[PDB]
Amino acid sequence: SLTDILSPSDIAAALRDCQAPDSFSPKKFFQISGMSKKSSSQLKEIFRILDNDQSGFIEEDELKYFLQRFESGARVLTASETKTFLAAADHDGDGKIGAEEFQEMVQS
């Protein structure tokens, strides 16, 4: 259900075009894959784009292995592509996402 609301042939357009360092971001591929038309009603729907824990917040330990999901078999991310995944949205508390930042980030 990773590419349910969306298509698997859209997320790759960024996973291969943003392979560069600090080139891949959550608020950048949204316009490529198809998350630019979201509305906080499809995001959590897949519950596989924010965090693979859904326990409360998110950490860098849940970003390095992000592309690994969509991608065929990623390895690890840099110290920027990840730091700009949960520490880029906002700092409502300590720079962690909580089903509130990730949304406003894409929804804008």
# chains A, B, ... in the order shown; residues from 1 in each chain; ligands from 1

$ closest_atom_pairs --of "range 66-98 of chain A" --to "range 18-23 of chain A" --cutoff "8 Å" --atoms "only C-alpha atoms" --output "CSV"
residue,atom,partner,partner_atom,distance
A:78,CA,A:21,CA,6.9
A:80,CA,A:22,CA,5.4
A:81,CA,A:22,CA,4.9

$ residues_around --residues "residue 35 in chain A" --least-positions-apart "6" --cutoff "9 Å" --atoms "only C-alpha atoms" --output "ChimeraX atom specification"
/A:6,29,42-43,106-107

$ select_by_dssp --residues "chain A" --states "helix (DSSP H, G or I)" --output "NGL selection string"
:A and (8-15 or 26-33 or 43-46 or 60-62 or 67-70 or 83-86 or 101-107)

$ closest_residue --among "A:69, A:79, A:54, A:74" --to "residue 98 in chain A" --atoms "only C-alpha atoms"
A:54

$ closest_residue --among "A:65, A:24, A:30, A:70" --to "residue 1 in chain A" --atoms "only C-alpha atoms"
A:70

$ closest_residue --among "A:58, A:105, A:97, A:12" --to "residue 71 in chain A" --atoms "only C-alpha atoms"
A:12

$ atom_distance --atom1 "CA of residue 72 in chain A" --atom2 "CA of residue 57 in chain A"
26.2 Å
